[PDB]
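Student: Sequence first, structure after; it's an experimental one.
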Amino acid sequence: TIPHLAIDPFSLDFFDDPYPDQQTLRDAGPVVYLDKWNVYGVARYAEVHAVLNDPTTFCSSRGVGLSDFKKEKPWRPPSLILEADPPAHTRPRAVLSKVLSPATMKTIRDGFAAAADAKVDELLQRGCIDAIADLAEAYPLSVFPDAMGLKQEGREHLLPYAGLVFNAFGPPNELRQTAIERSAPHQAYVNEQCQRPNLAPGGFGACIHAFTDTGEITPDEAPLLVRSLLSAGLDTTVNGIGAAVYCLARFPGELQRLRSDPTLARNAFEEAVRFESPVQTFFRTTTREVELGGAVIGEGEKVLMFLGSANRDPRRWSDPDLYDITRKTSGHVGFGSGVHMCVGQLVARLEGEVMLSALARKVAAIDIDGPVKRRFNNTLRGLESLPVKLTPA
Ligand code: HEM
Ligand SMILES: COc1cccc(-c2ccc(C(=O)O)cc2)c1
Ligand SMILES: [Cl-]
């Protein structure tokens, strides 16, 4: 019944150009079996959306990587939010939702916008820059560690730690093995900063610890929830912003539409999240036998969801392979969907909006002017180097 495919979605050849294989995965059927890793796969929009919104059968507490926590030891203590199901998920989720709330965005907006404006003006004085190191990495590094309340010492471990986190959701390939091996110094840095004395009052970390007073989380839960923000809160935005700049560099007509109406910045960023899908894949584990796409999946099976594929499925999207900054993007799964839908989405969108606003108001053209290099990661899609020349407006 179910088609068996040999495609390795975690191979460098797949990362280098995933789109033909993603069509093969969609068109093979609503559910496939990936023989390379002994997992089920769903790559169409409808089934990806259905699985994400069925948490009692497609659970997260057995891990959202390939590893099944019922079978193998997690490489670090489980996340209290990402790797938890309701009801254990609910109060930790509520704390992060409140720490990263609409009201909280008012406190950081002016600084985040000012830093984006200043960065674009700085890059315009240089002309020829790397949109990854000098923009997609530099801007989040300039605002997010500070908004967390992190000390200065040790921040060089943040991106390596996140690279490890996202590689570790993958299969035990070379990317994962290399990431986990000798990772203790990155772990030790992050785990130390999660302790309350190391977090500046008023920042996201200290605010998490302040919620221990309410009964929503205990004091021993707070460091792990700070850890969640230090795991997911930086490298995602690096690849999201890099994706947006790469889109604007490749689609000059859309950069010009954004210039003409900078209030399209928020949706231009959202469209970049759909179009590139910085988070490409993750897993669920079945808690029971379940029919999906006409396949009977047994209990305790891993199911791989192709978020980027769902976001390009022509069954759902018109002209899926076009970047369109006025597209109605609502419903894309680049931030997930359902009970685990990105709790940091307001921070991600704030960063993306204010950077694209600064570009819209200050830049007339973005021209690739050196070799583009891809950055390989088992979960994240993005570039290692994006040399561009910025022409001022
Ligand atoms: C463009 C940037 C980002 C993208 C594309 C993204 C994507 C995602 C996705 C797809 C999920 C769902 C995972 C699942 O269902 O298993 C998720 C969850 C999560 N994200 Fe985001 N993320 C981004 C930025 C951020 C930021 C800035 C933060 C924190 C400041 C953050 C923190 C989290 C956390 C803690 C979760 C777990 C939520 C839960 O399990 O309830 N992410 N993200
Ligand atoms: C499994 O695919 C994703 C996609 C986006 C964010 C994350 C993520 C990683 C770690 C945490 C955490 O440590 O809680 C939370 C979210 C995972
Ligand atoms: Cl850790």
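Tutor: Perfect, thanks for sending it. Numbering: from 1, shown residues only. Ligands and ions are numbered 1, 2, ... in the order given.

Student: remind me, longest helix of the protein?
Tutor: If you go by DSSP state H, the chain has its longest helix at helix 102-126.

Student: buried set for it?
Tutor: Residues 104, 108, 112, 113, 115, 116, 117, 119, 120, 123 are the ones in helix 102-126 that count as buried (16 or more other CB atoms under 10 Å). Backbone N, C-alpha and C define where each C-beta goes, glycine included.

Student: mind checking the SS state of the residue nearest to the last one when sequence neighbours are not counted?
Tutor: Right, the one you point to is residue 123. The shortest distance from residue 123 to any non-neighbouring residue, by CB to CB, 6 or more residues apart in numbering, is to residue 129 (4.9 Å). Under DSSP: H, G, I helix; E, B strand; the rest coil, residue 129 falls in the strand class.

Student: circling back: for the longest helix of the chain, packing partners?
Tutor: helix 138-148, helix 345-362, strand 387-392 (3 or more CB pairs under 8 Å, 6 or more residues apart in numbering; DSSP states H and E).

Student: ok, and what's touching the shortest one?
Tutor: The contact list for strand 387-392, computed with CB atoms under 8 Å, 6 or more residues apart in numbering, reads 120, 123-124, 127-131, 245, 249, 362-372.

Student: From the chain's centroid, how far away is it?
Tutor: Centroid displacement of strand 387-392 relative to its chain, using CA atoms, centre = their mean, to the nearest Å, is 26 Å.

Student: the helices in the stretch 151-300 of the chain, which residues?
Tutor: 158-168, 174-180, 184-193, 204-210, 222-232, 235-250, 252-260, 265-276 (DSSP state H, counting those that start in this stretch).

Student: Take those and lay them out in CSV including mean neighbour count and distance to ligand 3.
Tutor: Below are the helices of the stretch 151-300 of the chain laid out as CSV (neighbours: other CB atoms under 10 Å; distance: least, CB to the ion, whole Å):
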stretch, mean neighbour count, distance to ligand 3
helix 158-168, 22, 7
helix 174-180, 17, 11
helix 184-193, 17, 4
helix 204-210, 23, 14
helix 222-232, 23, 6
helix 235-250, 25, 14
helix 252-260, 17, 38
helix 265-276, 25, 26
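
Student: Please report how far residue 295 lies from ligand 2.
Tutor: From residue 295 across to ligand 2, the span is 23 Å (CB to the nearest ligand atom, to the nearest Å).

Student: quick one, what contacts that residue?
Tutor: Contacts for residue 295 (CB under 8 Å, 6+ apart) come out as 1, 2, 31, 40.

Student: returning to that earlier point: can you list the helices and strands packed on helix 102-126 in CSV and add mean neighbour count?
Tutor: Formatted as CSV, the helices and strands packed on helix 102-126 follow (neighbours: other CB atoms under 10 Å):
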stretch, mean neighbour count
helix 138-148, 21
helix 345-362, 23
strand 387-392, 18
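
Student: how about those, which one is nearest ligand 2?
Tutor: Relative to ligand 2, the nearest member of the helices and strands packed on helix 102-126 by CB to the nearest ligand atom is helix 345-362, separated by 9.9 Å.

Student: just to revisit the earlier point, bridging residues for the residue nearest to residue 123?
Tutor: When assigned by DSSP bridges, residue 129 has beta-bridge partners residue 388.

Student: Please work out how many residues are found near it.
Tutor: Applying other CB atoms under 10 Å, we find 21 residues neighbouring residue 129.

Student: Ligand 1 versus residue 258, what's the distance?
Tutor: Applying CB to the nearest ligand atom to residue 258 and ligand 1 gives a distance of 18 Å.

Student: Give me the spatial nearest neighbour of that residue, chain neighbours excluded.
Tutor: residue 360 (4.6 Å).

Student: OK, contacts around the residue nearest to residue 123?
Tutor: Counting by CB under 8 Å, 6+ apart, residue 129 has contacts 123, 135, 387, 388, 389, 390.
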